[PDB]
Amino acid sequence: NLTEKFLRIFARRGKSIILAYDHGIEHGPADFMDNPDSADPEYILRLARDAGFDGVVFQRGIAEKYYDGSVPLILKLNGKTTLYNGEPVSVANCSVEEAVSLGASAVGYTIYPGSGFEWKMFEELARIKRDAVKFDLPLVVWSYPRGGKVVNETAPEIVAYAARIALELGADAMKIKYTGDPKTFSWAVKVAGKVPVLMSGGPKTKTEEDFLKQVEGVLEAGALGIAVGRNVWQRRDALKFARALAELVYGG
């Protein structure tokens, strides 16, 4: 049972905080400027360890050059850029077998339900899923409806659709966007059934209290925890705020 394996490694305290760090390919380095140490993967590993978080998310190149075994790794297999203008598509740049060789405890893959290329990602995810089972690595699916008929990615019905597709296609855990309130988010959590749900972090909020309030709602809705990037490492008080998130999530 790969969901059970995921919970043992990444949620030993009953809830989970993952520090996401695929931003270098997805958005590029501009956002690293507010807190420049954030461009150094070594800083990121130290932050996760010092805040007592459960894991980090790296692309293959960062894992090969920097990963040191100090915190559990989710190897994010696909990536795309914001420079791209076509229908949303993100293809694998790494195999599951290679992810095992790089020290990963799980693999990650993004889908964009609704995209004109939704079929390309479903076809490839099928091969990745089959390999994840073969190598006994849990599959974490980032489910982000985008393209086609999608006009509001945080609409209650779109987030609940995101959650259900990830379950149907074989995710062992998933990452989805927050709706902005615990009632509607609790429906997304419910339709995901046995597969745990992590809140996607998002752009840096206006105040720390805005983000902590969103986290409180996610937990109230029955989610497993958060996968946070910018709202930790883009802050100059990254470590102090990370430790406040830990107390909210693990203590609450």
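Quick note: we count residues from 1 along the sequence shown, nothing fancier.
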Review point. Can you tell me which stretch has the higher mean Cα B-factor, 177-185 or 133-141?
Key: 177-185
Revision key, fill the gap. Of 209-217 and 57-65, the stretch with the higher mean C-alpha B-factor in the deposited entry is 209-217
Practice item. Go through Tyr84, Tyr109, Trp119, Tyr112 one by one and give the residue whose Cα B-factor in the PDB entry is largest. Key: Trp119
Review point. What third of its chain, lowest, middle or highest, does the C-alpha temperature factor of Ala92 fall into?
Key: lowest
Revision key, fill the gap. Tertile call for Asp40 (CA temperature factor, within chain, third-based) is the middle
Point to revise | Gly148 CA temperature factor, ranked by third within the chain | key: middle
Revision key, fill the gap. The third of the chain into which the C-alpha temperature factor of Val71 falls is the highest
Review point. Thinking about Cα B factors across the chain, which third does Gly79 belong to?
Key: lowest
